[PDB]
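Below: the structure, in C-alpha cells.
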Amino acid sequence: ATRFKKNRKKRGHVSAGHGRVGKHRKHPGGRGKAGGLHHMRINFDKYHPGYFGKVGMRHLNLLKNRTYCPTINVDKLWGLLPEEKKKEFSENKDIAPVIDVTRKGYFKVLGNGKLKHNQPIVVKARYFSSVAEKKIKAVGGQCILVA
Amino acid sequence: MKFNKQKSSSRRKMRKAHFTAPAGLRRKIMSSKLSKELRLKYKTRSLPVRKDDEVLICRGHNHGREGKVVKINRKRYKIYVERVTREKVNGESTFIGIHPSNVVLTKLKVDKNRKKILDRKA
Amino acid sequence: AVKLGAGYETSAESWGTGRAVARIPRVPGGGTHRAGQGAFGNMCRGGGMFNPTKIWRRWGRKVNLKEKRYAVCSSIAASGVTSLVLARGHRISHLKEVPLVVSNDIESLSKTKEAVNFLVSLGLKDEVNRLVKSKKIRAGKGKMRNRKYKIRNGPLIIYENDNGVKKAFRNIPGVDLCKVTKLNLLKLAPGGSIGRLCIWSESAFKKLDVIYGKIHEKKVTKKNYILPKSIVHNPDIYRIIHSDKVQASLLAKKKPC
RNA sequence: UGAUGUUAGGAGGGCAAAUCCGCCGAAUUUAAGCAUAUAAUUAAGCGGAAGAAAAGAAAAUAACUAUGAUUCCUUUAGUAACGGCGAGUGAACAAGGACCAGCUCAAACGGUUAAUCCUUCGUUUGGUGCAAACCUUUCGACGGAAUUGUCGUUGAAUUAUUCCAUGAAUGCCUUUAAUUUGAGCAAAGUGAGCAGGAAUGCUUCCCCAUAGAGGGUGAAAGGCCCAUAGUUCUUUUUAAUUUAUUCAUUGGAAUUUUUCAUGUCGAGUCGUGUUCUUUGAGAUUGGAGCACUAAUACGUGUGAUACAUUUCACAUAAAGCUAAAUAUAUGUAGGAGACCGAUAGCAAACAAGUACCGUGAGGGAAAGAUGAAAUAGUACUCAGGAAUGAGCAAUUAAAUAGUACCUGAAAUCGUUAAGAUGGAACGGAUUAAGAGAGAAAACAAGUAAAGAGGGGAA
RNA sequence: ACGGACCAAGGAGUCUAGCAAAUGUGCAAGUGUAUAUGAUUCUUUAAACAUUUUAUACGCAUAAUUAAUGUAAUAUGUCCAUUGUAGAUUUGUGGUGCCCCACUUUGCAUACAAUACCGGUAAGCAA
RNA sequence: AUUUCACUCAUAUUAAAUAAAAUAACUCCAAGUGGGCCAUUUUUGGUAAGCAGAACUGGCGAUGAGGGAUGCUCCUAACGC
RNA sequence: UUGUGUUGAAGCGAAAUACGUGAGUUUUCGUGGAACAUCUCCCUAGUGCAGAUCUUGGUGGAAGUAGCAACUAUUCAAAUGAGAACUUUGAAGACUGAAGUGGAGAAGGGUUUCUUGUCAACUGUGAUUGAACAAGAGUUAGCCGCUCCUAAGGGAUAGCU
RNA sequence: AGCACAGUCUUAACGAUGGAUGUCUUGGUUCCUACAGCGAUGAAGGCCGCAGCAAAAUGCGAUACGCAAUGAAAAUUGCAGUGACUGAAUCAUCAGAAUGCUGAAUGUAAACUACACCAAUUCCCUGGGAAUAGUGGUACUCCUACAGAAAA
Ligand SMILES: [Mg+2]
Ligand SMILES: [Mg+2]
Ligand SMILES: [Mg+2]
Ligand SMILES: [Mg+2]
Ligand SMILES: [Mg+2]
Ligand SMILES: [Mg+2]
Ligand SMILES: [Mg+2]
Ligand SMILES: [Mg+2]
Ligand SMILES: [Mg+2]
Ligand SMILES: [Mg+2]
Ligand SMILES: [Mg+2]
Ligand SMILES: [Mg+2]
Ligand SMILES: [Mg+2]
Ligand SMILES: [Mg+2]
Ligand SMILES: [Mg+2]
Ligand SMILES: [Mg+2]
Ligand SMILES: [Mg+2]
Ligand SMILES: [Mg+2]
Ligand SMILES: [Mg+2]
Ligand SMILES: [Mg+2]
Ligand SMILES: [Mg+2]
Ligand SMILES: [Mg+2]
Ligand SMILES: [Mg+2]
Ligand SMILES: [Mg+2]
Ligand SMILES: [Mg+2]
Ligand SMILES: [Mg+2]
Ligand SMILES: [Mg+2]
Ligand SMILES: [Mg+2]
Ligand SMILES: [Mg+2]
Ligand SMILES: [Mg+2]
Ligand SMILES: [Mg+2]
Ligand SMILES: [Mg+2]
Ligand SMILES: [Mg+2]
Ligand SMILES: [Mg+2]
Ligand SMILES: [Mg+2]
Ligand SMILES: [Mg+2]
Ligand SMILES: [Mg+2]
Ligand SMILES: [Mg+2]
Ligand SMILES: [Mg+2]
Ligand SMILES: [Mg+2]
Ligand SMILES: [Mg+2]
Ligand SMILES: [Mg+2]
Ligand SMILES: [Mg+2]
Ligand SMILES: [Mg+2]
Ligand SMILES: [Mg+2]
Ligand SMILES: [Mg+2]
Ligand SMILES: [Mg+2]
Ligand SMILES: [Mg+2]
Ligand SMILES: [Mg+2]
Ligand SMILES: [Mg+2]
Ligand SMILES: [Mg+2]
Ligand SMILES: [Mg+2]
Ligand SMILES: [Mg+2]
Ligand SMILES: [Mg+2]
Ligand SMILES: [Mg+2]
Ligand SMILES: [Mg+2]
Ligand SMILES: [Mg+2]
Ligand SMILES: [Mg+2]
Ligand SMILES: [Mg+2]
Ligand SMILES: [Mg+2]
Ligand SMILES: [Mg+2]
Ligand SMILES: [Mg+2]
Ligand SMILES: [Mg+2]
C-alpha cells in the first residue's frame, strides 16, 4: 500500500535519501551481470565461488522418466501401519505383515535407523540397499523383489 | 433494471433519452391522473392529456384553480389553461406554462381514438 | 486504466541549447498557437501521465481454504454473544435470547406485510425503525458514478429451503438473506465488524451440526474438516487470580518511592 | 495447329485489417569499449483470405505390464542443450484437462458393347405468398466433351441369417415442456399545521410492497408522471407423447460355411557432396542454390557423436479434403466499474481532424454553466447628434443574477480615512503610547412579594 | 560563482516479474484444492460455496554425493534414542535476608571439542 | 597424555591500585561515504610561498554562544523553556 | 457506525479574552445559494511545492518614455456635417517630364469592379474618406484566343527482367 | 462661508481588472458479451446540387431537409402557409419506386465540360399516331462453346 511506503517520510527533504555528493544516476556500474570478472570480481568470488568454467560430460537427450526413483528409510517402515494394526503384531508372535511400498509411491528402500528387536517384517520393492537388506534380515524378516 | 439485465439503470443513458425523445414518445410521457369519479366510470388510473380536456390545478402557485386546456407544447413539456395568464414587460398577455404531472383532469373529451383505448384499459 | 499512448501522439522534439529556452521537446510547425509548446513530460500541459495505469495490476488475492473456514466459524460464534451484537449497533434491548431460533413456519411466509409484522412482534420495532430513517444521499463524486444512496445493515435471515422467504423478506430496507449450505463471510462480517444479528429457522439451526461433523452424513459434511481449538481453556483470568491456591503463593504488597 | 472474331454465356481488377497466411529485411540498445553475439527470425516495405484463418488422420513416440490424427489450458522447466562457455539464449517425450471424426484420388478389377459428363429447347407433380417470388419433383430431343480414359467395385465366387431403399388408396396430425421476437396490463396520500416565490423539508394522521432499480416534476418523493416486481398474448425452432391397415416389385448391404489368388503401393523425386541462411541441435535442426543421381516392400525411412559388420523395435515419404475445443489495439450493437471531472478525461463534452500553417510529404488548436419560468430578456419619463447615464418609473424571491450573465481568490490599480518619512525597505528581543473588539473565571447563591410559562406524580 | 520580474493552477522513487531477510497468521512430516468439474450459484454474483460415490495429477520439503556406470547415513546386542566441559529448570539438607549462597539431584537451548557412519579421492591387498 | 578417588589453596574486604565497568557479547538486514583542509610539535623537495609530500594528537567540515574592532580553523566554553 | 442542511451546505473575505511546542483544529460576522461529513474501527491512491533558463494562463516597474525623418510644398474662400490641416467645389503656387504614379497585356490574385447606403472594430494623428461593413447589379464573338500540327521531352502497347 | 503642502511607503473599508475555488455534466476511458465484410447488378473516397424567405453542420439526389407503403395518430409555427373536424399535420418503421458528374473506371483524352466509330432513339393508343441530336454499345487478361479462313 502506498500508505506505508518509505518514500513518504522523505517528502520534505531535498535529496530523497540518496545524498548530495553521490547522486542517484542511472546504471553507474553497468547493466545486469555486466562487470563480473573485471570490477565486480570480489562479489562474485566471495559469494559465488565456483561460477566460471565448465566441467563434466554432455547428455544430449535426457528423458528423465528413465531414472525416477523416490526412496524410504527403514525408520518410517512401521509407521505406515495404523496404530491399532501396529498393536496386534506386538502381542501375537506367529504372524508378520507383508508391506508393498510401491503401492505408496516408493521405489527404493534405504537403510537409516533402527528396527524393533525380534519383530519380523516382509518387504516388497524394486531396489534395496545392502545395509537395509541386512537390517531386515536381522530382526527375522525377508526382502522380495518386484517389477 | 431491477432483475432483467437487458435494460439500463444508468443516469447518463436514460437522462439522455428523456431530453431527446422523439415526438411520438413525448405524448406518453405527458400523462395526467384521473379524478376519483372518473376512476369508477373507467377502470384506468391515468391517461395522456389531450387538448379539450378540463383540469384542476393541484400544485404550484396557482393551485386550486380550474379551467380548460387550450394548448399542448410537446417541445417544452407543458400545457396551457384558458384563464391562467401573465403580463410581459411590454404589457402583452401570455399563458403560464403548467407541467402535466402537477394536474388532475376532471372531464374528458372522447372520440373514436379514445374509446378504443379506454376499452382496452378496462 | 488509461489509454495506451495518451500524450505521446506528436512528432515533437527539443530545440537544444541556445535560443534562451528550456530543453523540453516542443511541437513543430506554425499558424496555430499550439506550435512551439512543450509536448510530453509529466510536468507539461497535455503531456503524459507519470506512470500510466495498467490492466496487469494485481487486482485479486488468493486465500488459504483453512483460514476462510476458520474465519467463518469464529464469525458464527460471535453472533451468539449478546454484548457483541449490541456493540455493532443493533437495537435488540427488548430481545429474549440472542441466538434467537424461530419455528419452521417462517420458511413459508409470502407477503412483505406479514414479514414486517413478524419482525415487530419479535421485539424488533426500534430495529426496523433505525433502517427506514437511515436512507440518505451520499456526499461526494460517487453520485456521478451510480452510487446514489447509503443505508445501514439490518438482520440476516438464514433458512434451509425457500418456500416464500426470499420474496417475502426482500424489499425491506437493510434486510438480507442467506442459505445454510452457502454462507458468506462478507455478509456475516460486514466491513470486517463482528456481531451480526442473525435469525435462524429450526431446520437451519439443526443442519449446523451435520455440516461440521458432529453427525456424519454423505455429501453434506465437510470432508475431513476439524473444528479449531483454543490455546486457552478458560479466559477468565481474574477468577484464577482470586483462587485460594494462587493467593496463598502471592507475596505481601510493597510500597512505592 | 496457331492465329482471328463488338460471335453466345461467364470470371479477375478497387476499398478495409484488430485477430490470420506467404515473402523481404535493419539499426538504435546490451555486453560498462568492440568486430562473433544481442536487439530479432522484430520495426518499416510487397503480396493473399475468413467469421475465424492455419494445422490435421503417422515414413509419430517409447524402450514400459506400453501409448495412438490436429489444436489449446496446467505442468515438464529457465530443465536437456547453445554461447568472445562471456553478456546472454533455450525446446521435446511421458502426466492432468477442454473437445472429440473421419475420408478421397493415384495404382489393382469391369469390353456381346463410356456404364460417364455438359449446353440449349420442351414437361410433370405438391406445398408457401395479397402480390413479387420460391421450394420440391421424374421424363424427352438435337448438339457437343470424352478411349491420349469419364463412371462403377475396393481381390473374386459360393453358403445361411438378418438389415436398407423404392408404388398405390381408405384414415392420422392431438396434448405438453423448453428456447426466441414483438406487444398489452400492472398496488398504495397529492390529508391536516410551520416556514417558503415554489414541497419532494420538519411535525402529525393514514397505507402498499413478489414493486424501497433509475429518471422526471419550481427544494431530498415506495404511495404526483414514465418505468420497476409480476403476469397474459405473440413470432422462431426442437424435444417427448398421439395410428398407421392391405397389397405389389426392383435393386443394395453386414456377418457367417466353404473355393481359389497373392496383386498394388506417388522419380531429376529421396539421398549424398559443397556453399549461404536459420534452430536449443552439438564431426549440422529445417530451408534454399549448384553438381551427382537410387531401391521395389526381404524395399525404404526414424531410434539426438563421425565409421565398418550385424540383431531388434516402430512406421509406411515424394497427391488431396475435413467440424469442435483457440484468437481478436477493426467495424456495429448491448451492459458495467473502490476510474477522470473542462490546464483532467480521446486531439476533439461546442457547425473538431474543424479554424489556421506549409509548393509538398505533413502539422494542428482555443472555446461548457442567467433564471423555476423569458409563454417573465428590461415597458415609460428626462438629458444627449449619438453611445450612454439618471429616475418620482419597471420584470423577479433576487438584477452587486442584464446575456463579456452561478460562486467570484491572488498578482496589479482607484477612492476615503489614519500614521510614518536627513543616501534602501522589511525583521528578532523587550516594553510604551494610541485605536478597534470583548464578559465563556475576570463578585453576590439564596430569601420575600407579584406576573407570564413548561413539566412529573396522586 | 550559476537559477530566480510577480501571481494562480500543474509538477518528480511508481507498476509488474523473480529472489532473499524481517515480522503477523494457519496447519505441520507434510503443505498448497493447478487447469477443470458440481451446485435448489445467478441485480449485486466477474463474488461466495463444494471436490469425483489400506484413496498413486503437479510443485516445494522429507537425503546426500559423484564427470560418470552409480552407490547411499551407529546396528540387533536394545522402543532404544554416541561421549565430555560449562550451562536454564527440577529434587533433598544447612546459612544470611519467594531471593541469594555451601553441598546434593536432573542436565533444555547453545558454545567448544571427541567419536562413529554415507558419497568422492589417495594408500595397502586384490576373483 | 588422559580417567577416577582422597586431601587442601586468601575470599565479609575481594591473591596489587582505581573505575555513572553489563551503556556487556553475538547474529541478521541495509543506508551514506571512498575530491578533504587547518593548528602546536617532529619532518622531505624547493631561494621561497596563503607551494608540494608524510607522522602523532586536537579541530574545521557537520557548530551555534562570550572575547580577539572586523574574520570557517586562535582563547573560554559546546546549546530544552 | 451515527450525523448536519431553505429556521441556509460547500466555498470565499475579515477576524478570535479560543486550543496545541508545531503541522493544524475549532468558532463569530459578511457574502453565497445546494449539498456536506464521520476521530467508532478499518481499506485504498494519479495524496502535501519557492526554486527545475520548469509547463499553461494572467499581470507589472521601465513609461506617457524610445519614437510617429526617404519620395522639393503648400495657401485663400466655399459646401456638407454633431464635429473638417489629410472628404468635395473654385482660385493660386508647384511636381511627374514620353527611360512618366501616361496607355495596353502575361504570371499571380478572385469580386477588390458598378450604383446606393453607411461607421462597432480597421484605415499606427484626425476622418463625414476607403480596396472596411450592408443591399442589389454587372462579363453577349463563324472573323480575338484556346481547341488542330509538330519540338526539346512525358505516358503507354509487344517483348524481356 | 472656511481649513488639510506635494511625492513615497504602511494598515483598514468600499470598488476596478482577472478567472482561481466549490458545486454541476446528453463527454471520455477500461473491461465483459454477441455478431461480421463491400465491389463491373459499378464499392470506399471526391465534386456539384436540392428549401418561400436558407451561410455552416445534419439529411437527401432533377421525384432532391423528402415520394409510395406499414404502425401510431392532431397538429407543425419565426412570419407566410398546409391539416380529420383518419392513405391528409407530425413521429416511427422501411421490404416498392427513384438514385446527378466521377472514381478499379473500363471507347480516345484531361490545369479541355475536347474528339471518335457502330445501331437513329423514345413514347401513346390497339396496325395506327407523336416526339427528340436525344439513347445504348465499343478497355485489358482469361475459361467453355461456336465460326469460318490459313498451316501441316
Ligand atoms: Mg537530513
Ligand atoms: Mg542533487
Ligand atoms: Mg535574456
Ligand atoms: Mg491528457
Ligand atoms: Mg468534495
Ligand atoms: Mg485489370
Ligand atoms: Mg487484390
Ligand atoms: Mg557498448
Ligand atoms: Mg554505456
Ligand atoms: Mg560506441
Ligand atoms: Mg510490418
Ligand atoms: Mg474477404
Ligand atoms: Mg481451413
Ligand atoms: Mg489443409
Ligand atoms: Mg505445454
Ligand atoms: Mg550455433
Ligand atoms: Mg533467438
Ligand atoms: Mg495428452
Ligand atoms: Mg485408374
Ligand atoms: Mg425563499
Ligand atoms: Mg430554492
Ligand atoms: Mg426520484
Ligand atoms: Mg418504485
Ligand atoms: Mg508410399
Ligand atoms: Mg541466428
Ligand atoms: Mg526416442
Ligand atoms: Mg497425406
Ligand atoms: Mg461509462
Ligand atoms: Mg481538453
Ligand atoms: Mg444555480
Ligand atoms: Mg538627497
Ligand atoms: Mg554551472
Ligand atoms: Mg537571470
Ligand atoms: Mg516468513
Ligand atoms: Mg522447480
Ligand atoms: Mg560398500
Ligand atoms: Mg578364484
Ligand atoms: Mg566523487
Ligand atoms: Mg567550534
Ligand atoms: Mg585585531
Ligand atoms: Mg470538507
Ligand atoms: Mg503527483
Ligand atoms: Mg500545487
Ligand atoms: Mg508556484
Ligand atoms: Mg512586458
Ligand atoms: Mg518623444
Ligand atoms: Mg494618413
Ligand atoms: Mg519639372
Ligand atoms: Mg526632377
Ligand atoms: Mg531622360
Ligand atoms: Mg470602388
Ligand atoms: Mg461608395
Ligand atoms: Mg487612426
Ligand atoms: Mg466586402
Ligand atoms: Mg462567347
Ligand atoms: Mg482567331
Ligand atoms: Mg519527340
Ligand atoms: Mg503629506
Ligand atoms: Mg387504406
Ligand atoms: Mg397511416
Ligand atoms: Mg448509377
Ligand atoms: Mg475514359
Ligand atoms: Mg491542351
Side-chain angles (χ1 to χ4, degrees), chain A residues 1-3 7 11 16-17 19 22 29-35 54-57 59-63 65 71 105 110 112 114 116-117 129 135 138-139, chain B residues 2-3 5 8-12 14-16 18-20 22-24 28-29 31 33 46 58-61 80 86 88-91 94-97 99-102 113 120, chain C residues 1-4 6 9 20-22 28-35 38 42-45 49-51 53-57 64-67 70 89 112-113 137 139 141 144-145 152 161-162 167 170-171 173 181-184 186 191-193 223 251:
Chain A
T2 56
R3 206 151 74 261
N7 195 62
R11 176 67 78 194
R31 201 79 78 103
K33 282 189 290 192
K54 69 186 166 191
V55 57
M57 289 186 288
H59 193 102
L60 277 191
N61 163 37
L62 180 60
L63 288 182
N65 275 12
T71 77
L110 207 56
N112 184 46
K114 185 198 197 286
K116 201 184 182 296
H117 200 250
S129 74
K135 269 175 191 182
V139 305
Chain B
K2 188 65 175 174
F3 285 126
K5 297 161 269 199
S8 306
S9 81
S10 175
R11 176 167 214 247
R12 180 173 175 182
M14 66 180 289
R15 171 171 157 82
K16 156 165 185 163
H18 168 93
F19 290 119
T20 74
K28 195 62 195 297
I29 292 156
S31 311
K33 179 207 182 80
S46 69
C58 177
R59 202 50 51 104
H61 191 262
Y80 299 102
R86 175 96 183 92
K88 311 216 282 203
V89 186
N90 290 318
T94 60
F95 279 103
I96 303 175
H99 195 266
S101 68
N102 279 332
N113 291 335
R120 159 186 59 194
Chain C
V2 298
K3 201 187 166 91
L4 172 50
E9 268 193 342
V21 296
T32 175
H33 65 279
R34 171 72 169 148
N42 55 310
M43 77 280 283
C44 306
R45 172 196 197 264
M49 177 182 159
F50 174 70
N51 188 13
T53 51
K54 298 283 186 180
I55 65 167
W56 56 71
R57 173 207 311 265
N64 288 351
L65 168 69
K66 280 168 193 168
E67 299 218 35
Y70 197 115
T112 309
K113 184 193 194 192
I137 292 192
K141 300 268 197 52
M144 314 159 51
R145 304 185 191 182
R152 289 171 228 204
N161 48 3
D162 171 45
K167 288 165 188 292
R170 293 182 297 181
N171 209 3
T181 46
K182 280 150 165 38
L183 280 186
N184 205 333
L186 304 176
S193 51
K223 210 197 196 194
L251 210 67

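Every chain is numbered from 1 and lettered A, B, ... according to where its sequence line falls, protein lines coming before strand lines.
Put simply, CG on C/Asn51 is 13 Å from P on G/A45, counting in whole angstrom units. Per the geometry, CZ belonging to B/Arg120 stands 18 Å off P belonging to D/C233, to the nearest Å. H/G71 atom P lies 20 Å from atom NZ of B/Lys28, rounded to whole Å. Following rounding to the nearest Å, A/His59 (NE2) and D/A91 (P) show an atom-to-atom distance of 20 Å. Rounded to an integer number of Å, the gap from B/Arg15 CZ to H/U26 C1' is 8 Å. A straight line from NZ of A/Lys135 to P of E/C117 spans 13 Å, rounded to a whole angstrom. Taking atom NZ on A/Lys33 and atom P on D/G83, their separation rounds to 17 Å, with Å as the unit. Put simply, CG on A/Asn61 is 13 Å from P on D/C82, counting in whole angstrom units.
A donor N or O paired with an acceptor N or O is found under 3.5 Å between the base of D/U210 and the side-chain atoms of C/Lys167. The base of E/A48 is not paired with the side chain of C/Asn184 by any donor and acceptor separated by under 3.5 Å. One donor-acceptor pair, N or O on each side, does fall under 3.5 Å between the base of H/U86 and the side chain of B/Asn113. For a distance-only test at 3.5 Å, the side chain of A/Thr2 fails to qualify as a donor-acceptor partner of the base of E/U14. Judged by distance alone with a 3.5 Å cut-off, no donor-acceptor contact links the side chain of C/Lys113 to the base of D/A209.
Under a 3.5 Å limit on both donor-acceptor distances, the bases of D/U250 and D/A165 meet the Watson-Crick or G-U wobble criterion. The bases of D/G152 and D/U179 do not line up as a Watson-Crick or G-U pair with both contact lengths under 3.5 Å. Taken as a pair, D/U310 and D/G14 do not qualify under the rule of Watson-Crick (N1-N3 plus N6-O4 or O6-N4) or G-U wobble (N1-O2 and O6-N3), both under 3.5 Å.
Side-chain N or O atoms of A/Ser129 include none that pairs as donor or acceptor with a backbone N or O of A/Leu110 at under 3.5 Å.
Side-chain contact between B/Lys88 and B/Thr94 is present, with heavy atoms from C-beta onward closer than 4.5 Å. At a threshold of 4.5 Å between non-hydrogen side-chain atoms, the residues C/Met49 and C/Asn42 do not count as touching. Side chains of C/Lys54 and C/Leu4 form a contact here, defined as non-hydrogen atoms less than 4.5 Å apart. You'll find the side chain of C/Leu186 reaches within 4.5 Å of the side chain of C/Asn184, heavy atoms only.
If you check every strand for non-hydrogen atoms under 4.0 Å, C/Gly192 touches nothing. Among the protein residues, C/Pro173 comes within range of the nucleic acid bases, having at least one heavy atom under 4.0 Å from a base atom. Among the atoms of the strands shown, only primed sugar atoms or phosphate atoms (P, OP1, OP2) are found under 4.0 Å from some heavy atom of A/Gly56. Nucleic acid contact class of A/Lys114 (heavy atoms, under 4.0 Å, all strands): base. Among the atoms of the strands shown, none is found under 4.0 Å from any heavy atom of C/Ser193. At the heavy-atom level, C/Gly89 lies under 4.0 Å from the strands shown only through sugar-phosphate atoms. Counting any heavy atom pair closer than 4.0 Å across all strands shown, B/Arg12 reaches a base atom. The residue A/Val55 sits apart from the nucleic acid: no heavy atom pair falls under 4.0 Å. Base contact: B/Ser101 has a heavy atom under 4.0 Å from a base atom. When heavy atoms are screened at a 4.0 angstrom cut-off, A/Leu60 is found touching base atoms of the nucleic acid. Using a 4.0 Å heavy-atom distance criterion, B/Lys88 is classed as a sugar-phosphate-only contact. Note on C/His33: a base of the nucleic acid sits closer than 4.0 angstrom, heavy atoms only. In this structure, B/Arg59 reaches the bases: a heavy-atom distance under 4.0 Å links it to at least one base atom across the strands shown. In this structure, C/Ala139 reaches the bases: a heavy-atom distance under 4.0 Å links it to at least one base atom across the strands shown.
Each of H/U30, E/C42, G/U55 was ranked by its minimum atom distance to the side chain of C/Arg45; first place goes to G/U55. Checked against D/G215, D/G341, E/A67, the side chain of C/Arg145 finds its nearest nucleotide in D/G341. Nearest nucleotide to the C/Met144 side chain, out of D/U190, G/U55, D/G341: D/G341. The side chain of A/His117 sits closest to E/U78 out of D/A211, E/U78, E/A12. The nucleotide whose nearest atom lies closest to any side-chain atom of C/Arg57 is, among G/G46, E/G13, D/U396, G/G46.
Comparing A/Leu63 and C/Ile137 by the nucleotide of RNA chain D that holds the closest heavy atom to each, the one mapping nearer the 5' end is A/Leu63. Annotation: of the two residues near RNA chain D, B/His61 and C/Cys44, the 5′-most nearest-nucleotide partner is B/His61.
A sub-4.0 Å separation between OP1 or OP2 of E/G32 and a side-chain N or O of C/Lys66 is present. Taking side-chain N and O atoms only, B/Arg11 has no distance below 4.0 Å to OP1 or OP2 of D/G214. Side-chain nitrogen and oxygen atoms of B/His18 include none within less than 4.0 Å of the OP1 or OP2 phosphate oxygen of D/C226.
Here D/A355 has a north sugar; its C1'-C2'-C3'-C4' angle has a plus sign. Judged by the sign of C1'-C2'-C3'-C4', the furanose ring of D/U243 adopts a south, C2'-endo-like conformation. For D/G78, the sign convention on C1'-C2'-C3'-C4' gives a south pucker, since the angle is negative. Its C1'-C2'-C3'-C4' torsion being positive, the sugar of G/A156 is assigned to the north family. With a negative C1'-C2'-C3'-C4' torsion, the sugar ring of H/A40 falls in the south range.
Neighbouring residues D/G371 and D/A372 fail the stacking criterion, which requires the centres of their six-membered base rings to lie under 5.5 Å apart and the ring planes to differ by under 30°. The six-membered base rings of E/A63 and E/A64 fail the test of centres under 5.5 Å apart and planes under 30 degrees, so these neighbours do not stack. Under the 5.5 Å and 30° stacking definition, the step from G/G117 to G/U118 qualifies as stacked.
Using a 90° window around 0 for the glycosidic torsion, D/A219 falls inside it and is classed as syn. Against the 90° criterion about 0, the sugar-base torsion of F/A21 places it in the syn range. Base orientation of D/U174: syn (glycosidic angle within 90° of 0).
Between C/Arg34 and C/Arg45, the shortest heavy-atom contact is NH1-O, 4.5 Å.
Across all strands shown, the partner of H/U132 is H/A120, judged by Watson-Crick or G-U wobble contacts whose two distances both fall under 3.5 Å.
A distance criterion of less than 5.0 Å between side-chain heavy atoms and groove-edge base atoms places B/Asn102 in the major groove.
Here C/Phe50 does not count as stacked on E/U14, because the ring centres are not under 5.5 angstrom apart with planes under 30°.
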